[PDB]
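What follows is a single chain, given as structure tokens, in the form deposited in one PDB entry.
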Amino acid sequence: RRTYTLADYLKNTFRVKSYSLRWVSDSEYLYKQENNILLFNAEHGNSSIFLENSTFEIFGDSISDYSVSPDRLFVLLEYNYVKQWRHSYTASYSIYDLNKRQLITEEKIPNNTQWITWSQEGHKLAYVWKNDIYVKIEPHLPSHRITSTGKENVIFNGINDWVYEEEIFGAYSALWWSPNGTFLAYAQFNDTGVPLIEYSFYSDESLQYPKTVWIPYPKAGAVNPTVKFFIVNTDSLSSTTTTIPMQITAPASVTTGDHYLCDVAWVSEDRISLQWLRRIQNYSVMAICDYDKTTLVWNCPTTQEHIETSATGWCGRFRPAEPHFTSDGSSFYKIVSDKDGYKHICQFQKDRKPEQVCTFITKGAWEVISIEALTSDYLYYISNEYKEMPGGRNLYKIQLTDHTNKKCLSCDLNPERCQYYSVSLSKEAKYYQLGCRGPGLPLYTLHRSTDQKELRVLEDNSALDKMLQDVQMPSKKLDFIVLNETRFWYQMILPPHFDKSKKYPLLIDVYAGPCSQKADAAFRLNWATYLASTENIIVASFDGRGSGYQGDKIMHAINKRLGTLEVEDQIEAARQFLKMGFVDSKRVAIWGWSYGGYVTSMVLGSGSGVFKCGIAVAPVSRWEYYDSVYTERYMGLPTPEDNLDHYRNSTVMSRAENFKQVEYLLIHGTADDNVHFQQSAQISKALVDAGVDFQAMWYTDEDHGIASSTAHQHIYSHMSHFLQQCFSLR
């Protein structure tokens, strides 16, 4: 009769296993086991040792990761990992010669590399160090410097600057090997006019004077960084001291004013696809560029230029979706909103066509989440079509020659346990691993593509299952409410022996940022689990307007006016939950992180009287404080000539007064480089001037995630106690 305690969560007592493999070919893959990389044969569980328990310990215990060259002849050993922002980080590397059976020690790789990657085929390497790009045709050979304009916080070659990393690519890398490794493409960013933001860093208590971290960060409407695109010929490095990269210039319909590099996609060795986006993101252009053998230049003729537009809001979910070309690169499939505002797969031709560039291959009031693989005959994708559950994920496949031969491949498998799938096809789709994140304990199984026959179960959390037997776990309900004639899904984490006749305290879990989705069919062992299992609290999330994957009507409802409908709908949802009966109207709370903290705050300050208390963690308090790429995408520019009025109307501090009717807890990280401390500092000041008491908590030297081990435990314990006080429990 034991429950899921706060300790179970914080000390991660119940481990949830998975099966993360690495397809090496169309029929074999790599899997880490007891710190041994093993090569498996899809078809027959037949295994084999690829890399020994050894090797990895030569570098003590700092071996952060590993990367096997595509030709399996070498392995990159990553160690001395040091984080920087969400995806950035520097590390040390060592190449291990599998064949020669030892660590390559000659032409080593710099001891502070910012990024590195194998070519798509051989054993070529491209890495960024000191903001410059370097190439090594062979692990044994000396590196060739590709650029020399690199300069900290100014010129970035092959890596993204702060905003591009966080808001555009969602990765640190800005390198792209062409197939067959002839060319190496890369972006160059110039942060010259971008303003700086700074935060103090206290470090060890032995540091007498705290440091100061400076970061070029463009807030709404500020001067943004600039971009340039290059492609350098790799096959010539051996015969020159320097190679002259050829530049590709963004298309004219984008050059007039501020703009961004959206996405990079190599079609073939002589064709590359680049997507561009204007600062006001309701206009995007995909240019297909071809390599001229004769004049040794790349051309991006307007004839092969494709335009994506939006009159409702912005292009794509967070940016235009990536194209998927056919072998011969004559056509490509890409996810775009159809006439009804639903993100679906449609076909394009290399050359654009006058107002008929697309032919949809998918229709319906549901959306394609992502294209997973494109074969010569089949197109594998993932959607939330099944059972009309937008919060569900299933793998499908369409025959190219016959768009009717559409078949769901995960629907039947385990309709009870599995409704949220992840996939991973082999190099040419002969097999496919399925990742059931579904309602029940996650289940991983690999199948043979031909007939979908499950070859075997890779991982079924039977061990986790056995442990959860002696524990009173809570249940998760995923349903929907209907407002103004529209379905709006929500989810509830119900405490163990949930009795619909009793009354329970309610905690709204929020985010509700544009195109977000808190209500889904995924299994989780988080804080809400403890809150339900041991405190008997109902944790509910609601995907309202501006949310998820249910068409642009719902997602673009927030356009140019954040801090509006998404906030109201979060209140309406609470109202409805009360009408459901099992909720103690006298004990309703709400908490959120980042965007969530913003809404949490906007809600608490609405004076709706519906909530007793709330917790905002690292909240955005006013949009002019947040970065440009993100903010502007939904808010436009904060100028009187555009949307200044809405920027100033959606402030948290402007609602300071209504906080007198609430127990508020504001938490923020001292080193938050994403949502700067300023945001909360501005909130606290507003409340203090209004004479409103509240509780605060700062976390010295913590990131936007406050995820360091001790801080992570500390913040959740603190919030737990805040709720216990608020709900009259402890």
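We number the residues from 1 along the sequence you see.
The same protein also has a form solved in complex with a small molecule, omitted here; what follows describes it.
Asker: Can you pick out, from 333, 530, 647, 595, the residue that has a heavy atom within 4.5 Å of the small molecule in the deposited bound form?
Answerer: Result of the distance check: 595.
Asker: Pick from 305, 584, 167, 338: which residue has any heavy atom within 4.5 angstroms of the small molecule in the deposited bound form?
Answerer: After the contact test, the surviving option is 167.
Asker: Classify residue 704 as contacting or not contacting the small molecule in the deposited bound form by the rule of any non-hydrogen atom within 4.5 angstroms, answering yes or no.
Answerer: Yes, residue 704 lies within 4.5 Å of the small molecule in the deposited bound form.
Asker: Are any of the heavy atoms in residue 674 no more than 4.5 Å from a heavy atom of the small molecule in the deposited bound form?
Answerer: Residue 674: yes, in contact with the small molecule in the deposited bound form.
Asker: Does at least one non-hydrogen atom of residue 602 fall within 4.5 angstroms of the small molecule in the deposited bound form?
Answerer: No, residue 602 sits far enough from the small molecule in the deposited bound form that none of its heavy atoms falls within 4.5 Å.
Asker: At 4.5 Å between heavy atoms, is residue 556 in contact with the small molecule in the deposited bound form?
Answerer: Although the small molecule is absent here, residue 556 would stay clear of it in the deposited bound form, with no heavy atoms inside 4.5 Å.
Asker: So which of 315-323, 367-375, 353-361, 198-206 is the stretch with heavy atoms within 4.5 Å of the small molecule in the deposited bound form?
Answerer: Of the stretches listed, the one contacting the partner is 315-323.
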